Amino acid sequence: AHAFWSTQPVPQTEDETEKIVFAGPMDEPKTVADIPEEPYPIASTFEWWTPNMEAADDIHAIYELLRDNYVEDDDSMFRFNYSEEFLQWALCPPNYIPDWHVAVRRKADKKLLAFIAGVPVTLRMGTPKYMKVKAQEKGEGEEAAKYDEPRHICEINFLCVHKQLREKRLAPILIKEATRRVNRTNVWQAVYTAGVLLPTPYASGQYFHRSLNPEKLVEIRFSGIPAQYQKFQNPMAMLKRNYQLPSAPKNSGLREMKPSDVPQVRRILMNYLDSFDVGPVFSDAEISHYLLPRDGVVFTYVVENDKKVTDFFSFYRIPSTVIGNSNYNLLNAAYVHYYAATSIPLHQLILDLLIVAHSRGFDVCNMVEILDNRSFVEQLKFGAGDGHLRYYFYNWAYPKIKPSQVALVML
Ligand SMILES: CCCCCCCCCCCCCC(=O)SCCNC(=O)CCNC(=O)[C@H](O)C(C)(C)COP(=O)(O)OP(=O)(O)OC[C@H]1O[C@@H](n2cnc3c(N)ncnc32)[C@H](O)[C@@H]1OP(=O)(O)O
Ligand SMILES: N[C@@H](CC(=O)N1C[C@H](CO)[C@@H](c2ccc(Cl)c(NC(=O)Cc3ccc(F)cc3)c2)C1)Cc1ccc(Cl)cc1
Ligand SMILES: [Mg+2]
């Protein structure tokens, strides 16, 4: 049933998953010197390419591939349109490895046909808490704790094959070549998400959406006027009233983050992310890169009380192409990113997020039910979307966890 994934070091069924009790590697330990030094052989009409993310033309090529061929909704009404500035930010964090960005071009005209990207992440991925309690019952705490240390691994994203080349087994070729480049740098695990079911996720969660401009969302059919709103003499006036927001944040210590906040935001975020079984560890350079405001890309605000940062939130921007509306070309979406609340309830912190996003002209705020994102769904008028986001590891055995134990945001 899975000619490619059946050959790979991942759990093969949910039943195999069920019997996983400790974190650890799936495969034979291997060494760097065992891995072939040359790229995988490929069809003579194609060539492997390592883009230069410092070259505008190279970023543009990836931008165009994704604009026309990346993820769509179910009914082909929307397609993500990551910007060039966003791609530079997502693909080039501190100490990124250029060779982890793998592409296939057509030899004759250098047209970009397929891409996959790997970036470094330092991840805690040791045995989850509920299994550590089970281990204590069995007298097995040391084996359960063996891989507690954060690990330097690969996060894989942006896998894309051009529409004209779909169903020709090119995606396995990409994933094998990515794996070889990552293994040649002595890294043997990867983490990735997908909106489809593959062998075999360790967590799964619903998407959630908070309308900010309901009149536009209904014009472009992202939203409907829900059936209950018809019994009303006037639907859209009532929908706008339901989702109205104040003009300005309610917390008077809220301001944009600046470079001098980096140490305090690192500390409050790392103390919060400790709570979770799987989550990133960030240096000051990584907090600077992923959280300092960047025009059109990432937006971050801190609550400062008595010259101390006590809370913060961040959200990032991804517009989507609206396929065939005469009125609107683009959905302007905000996505909840990292945050930490120490001084006020989380719902009060995130209400300020919605206020800021709305004032900045975003149409919708979206998120997955990781972190403590459930705690504020109902009070802040989020609704569940369609399908689920699935979280996976490569070459890592891991017990199933709830998505409220996951703290890694994937862009
Ligand atoms: C240590 C380092 C390890 C590094 C690597 C870690 C693993 C990284 C793995 C990648 C994580 C990506 C994270 C993200 O970016 S998820 C976002 C994926 N991108 C899109 O959805 C964009 C639009 N769609 C496409 O571009 C194509 O449909 C893709 C490229 C998805 C498949 O192209 P195509 O439709 O032309 O198919 P094929 O004939 O070439 O190949 C069919 C085989 O591919 C398996 N397939 C289908 N979809 C996915 C998917 N999303 N992850 C993994 N495998 C997938 C499928 O089950 C089948 O295998 P098998 O069932 O026969 O066995
Ligand atoms: N490797 C993953 C990365 C990922 O997990 N994402 C990337 C995506 C944007 O940051 C995020 C996400 C977070 C929260 C929500 Cl509500 C949605 N979904 C939507 O925005 C709806 C939507 C679906 C398709 C569209 F073409 C446009 C909008 C998507 C989840 C690839 C992927 C991309 C997009 C999706 Cl929907 C699912 C998976
Ligand atoms: Mg293919």
Side-chain angles (χ1 to χ4, degrees), residues 1-10 12 25 27 30 35 65-66 68-82 86 90 100 102 104 113-118 153-199 205-210 222 315-323 330-331 333-337 364-370 373 382-396 408-411:
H2 290 292
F4 170 64
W5 281 106
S6 78
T7 67
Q8 295 307 109
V10 295
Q12 297 287 127
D27 253 357
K30 265 194 232 171
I35 305 294
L65 174 78
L66 302 174
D68 295 342
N69 307 274
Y70 201 47
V71 177
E72 300 179 3
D73 70 307
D74 297 311
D75 290 329
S76 292
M77 283 168 31
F78 305 100
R79 181 160 56 240
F80 282 95
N81 187 10
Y82 285 91
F86 191 109
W100 289 11
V102 172
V104 173
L113 303 175
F115 179 71
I116 188 175
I153 62 157
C154 181
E155 177 178 310
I156 291 287
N157 203 355
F158 300 110
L159 168 64
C160 183
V161 170
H162 197 282
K163 286 179 169 205
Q164 289 185 117
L165 293 173
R166 293 278 175 85
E167 314 231 301
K168 294 182 188 317
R169 318 301 300 183
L170 189 57
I173 293 170
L174 260 177
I175 292 160
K176 288 165 177 173
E177 180 60 12
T179 293
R180 187 188 69 77
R181 314 211 96 158
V182 170
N183 284 174
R184 286 287 288 166
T185 73
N186 201 31
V187 168
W188 306 94
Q189 280 80 43
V191 56
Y192 48 102
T193 48
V196 293
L197 187 62
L198 299 162
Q206 287 190 284
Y207 304 100
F208 290 89
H209 312 296
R210 206 289 190 182
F222 182 93
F315 56 96
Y316 58 85
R317 169 170 180 272
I318 310 164
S320 295
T321 299
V322 178
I323 306 162
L330 246 27
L331 163 76
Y335 290 87
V336 174
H337 189 207
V364 66
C365 181
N366 294 332
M367 64 183 190
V368 182
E369 56 172 325
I370 63 169
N373 290 348
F382 283 80
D386 302 285
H388 298 80
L389 187 66
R390 282 94 171 191
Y391 271 80
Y392 300 89
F393 292 122
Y394 184 91
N395 191 31
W396 203 248
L408 183 66
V409 173
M410 294 281 214
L411 294 169

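Counting convention: from 1, in listed order, for ligands and their atoms alike. We use all heavy atoms of the structure for the numbers below, so side chains are in, but hydrogens, waters and symmetry mates are not. Residue numbers count from 1 along this sequence.
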Proximal candidate to atom 25 (C) of ligand 2 [heavy atom criterion; set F80, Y335, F382] | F80

Calculate, to the nearest 0.5 Å, the distance between atoms CG and CG belonging to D75 and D386 respectively.
-> 8.0 Å

How does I156 reach ligand 2, by side chain, by backbone, by both or by neither, if only non-hydrogen atoms under 4.0 Å count?
-> neither

Among protein heavy atoms, which lies nearest atom 5 (O) of ligand 2, and at what distance?
-> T193 OG1, 2.7 Å

Atoms in ligand 2 with a heavy atom of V368 nearer than 4.0 Å = 13 (C), 14 (C)

Using a 4.0 Å heavy-atom cut-off, say whether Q189 meets ligand 1 through its side chain, its backbone, both or neither.
-> backbone

With respect to atom 27 (C) of ligand 2, which of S320, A334, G385, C365 exhibits the smallest heavy-atom separation?
-> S320

Can a non-hydrogen atom of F222 be found less than 4.0 Å from any atom of ligand 2?
-> no

Polar-atom distance check: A171 versus ligand 1, any N or O pair below 3.5 Å?
-> yes

Looking at side-chain heavy atoms only, is the closest gap between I156 and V191 below 4.5 Å?
-> no

Could an N or O of ligand 1 be found under 3.5 Å from any N or O of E167, whether backbone or side chain?
-> yes

Atom 10 (O) of ligand 2: which protein heavy atom is closest, and how many Å away?
-> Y316 OH, 2.7 Å

Report yes if some heavy atom in the side chain of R317 is under 4.5 Å from a heavy atom in the side chain of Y335; otherwise report no.
-> no

Taking distance alone, with no angle check, do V187 and ligand 1 share an N/O pair under 3.5 Å?
-> no

Heavy-atom nearest option to atom 17 (C) of ligand 1, drawn from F158, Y192, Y70, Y394 = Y70

Report yes or no: does a heavy atom of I173 sit under 4.0 Å from some atom of ligand 1?
-> no

So do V10 and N395 actually touch side chain to side chain, heavy atoms under 4.5 Å?
-> no

Of the listed options (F78, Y82, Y207, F158), which comes nearest to atom 8 (C) of ligand 2 when hydrogens are ignored and any heavy atom counts?
-> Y82

At under 4.0 Å between heavy atoms, what of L159 touches ligand 2? The answer is neither

Short N or O distance, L198 and ligand 1, threshold 3.5 Å exclusive | no

Atom 9 (C) of ligand 2 - nearest protein heavy atom and its distance | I318 CD1, 3.4 Å

Hey, is ligand 2 close enough to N157 that some N/O pair sits below 3.5 Å?
-> yes

Between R169 and ligand 1, is there a nitrogen or oxygen pair with a distance under 3.5 Å?
-> yes

Hey, does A178 sit under 4.0 Å from ligand 1 if you only count heavy atoms?
-> no

Closest heavy-atom approach to atom 13 (C) of ligand 1 among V182, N157, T7, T193 is made by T193

For ligand 2, is there an N or O atom under 3.5 Å from any N or O atom of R79?
-> no

So is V71 polar-close to ligand 1, meaning N/O to N/O under 3.5 Å?
-> no

Specify side chain, backbone, both or neither for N69, according to which of its non-hydrogen atoms lie closer than 4.0 Å to ligand 1.
-> backbone

Once the angle between the rings of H337 and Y316 is folded into 0 to 90°, is it parallel (under 30°), tilted (30 to 60°) or perpendicular (over 60°)?
-> perpendicular

So which heavy atom in the protein is nearest atom 51 (N) of ligand 1, and how far is it from that ligand atom?
-> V196 CG2, 4.0 Å

So which protein heavy atom does atom 35 (C) of ligand 2 come closest to, and at what separation?
-> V71 CG1, 4.0 Å

Is the shortest N/O to N/O distance between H209 and ligand 2 below 3.5 Å?
-> no

Quick one: does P172 get a heavy atom under 4.0 Å from ligand 1?
-> yes

Using distance alone, decide if ligand 1 has a nitrogen or oxygen within less than 3.5 Å of any nitrogen or oxygen in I156.
-> no

Taking C-beta and beyond as the side chain, do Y394 and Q8 meet within less than 4.5 Å on heavy atoms?
-> yes

Answer with yes or no whether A333 contacts ligand 2, where contact means a heavy atom under 4.0 Å from a ligand atom.
-> no

So is there a nitrogen or oxygen of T179 less than 3.5 Å from a nitrogen or oxygen in ligand 1?
-> no

Do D73 and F222 come within less than 4.5 Å of each other through their side chains, counting heavy atoms only?
-> no

min-distance protein heavy atom vs atom 19 (N) of ligand 1 -> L159 O, 2.8 Å

Heavy-atom contacts with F208 under 4.0 Å: which atoms of ligand 2 show up? List them by number with element.
-> 16 (Cl)

In this structure, atom 38 (C) of ligand 2 is nearest to the protein heavy atom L389 CD1, 3.6 Å

Does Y70 come within less than 4.0 Å of ligand 2, judged by its heavy atoms?
-> yes

Can you find a pair of side-chain heavy atoms, one from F80 and one from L66, that are under 4.5 Å apart?
-> no

Would a 4.0 Å cut-off, counted as strictly less than, catch a protein heavy atom around atom 47 (C) of ligand 1?
-> no

For residues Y192 and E155, is any side-chain donor paired with an opposing acceptor at under 3.5 Å?
-> no

For atom 35 (O) of ligand 1, which candidate among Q8, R166, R390 holds the nearest heavy atom?
-> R166

Is it the side chain, the backbone, both or neither of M367 that has a heavy atom closer than 4.0 Å to ligand 2?
-> backbone

Taking only heavy atoms of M410 into account, list the atoms of ligand 2 that are under 4.0 Å away from them.
-> 4 (C), 5 (O), 6 (N), 7 (C), 10 (O)

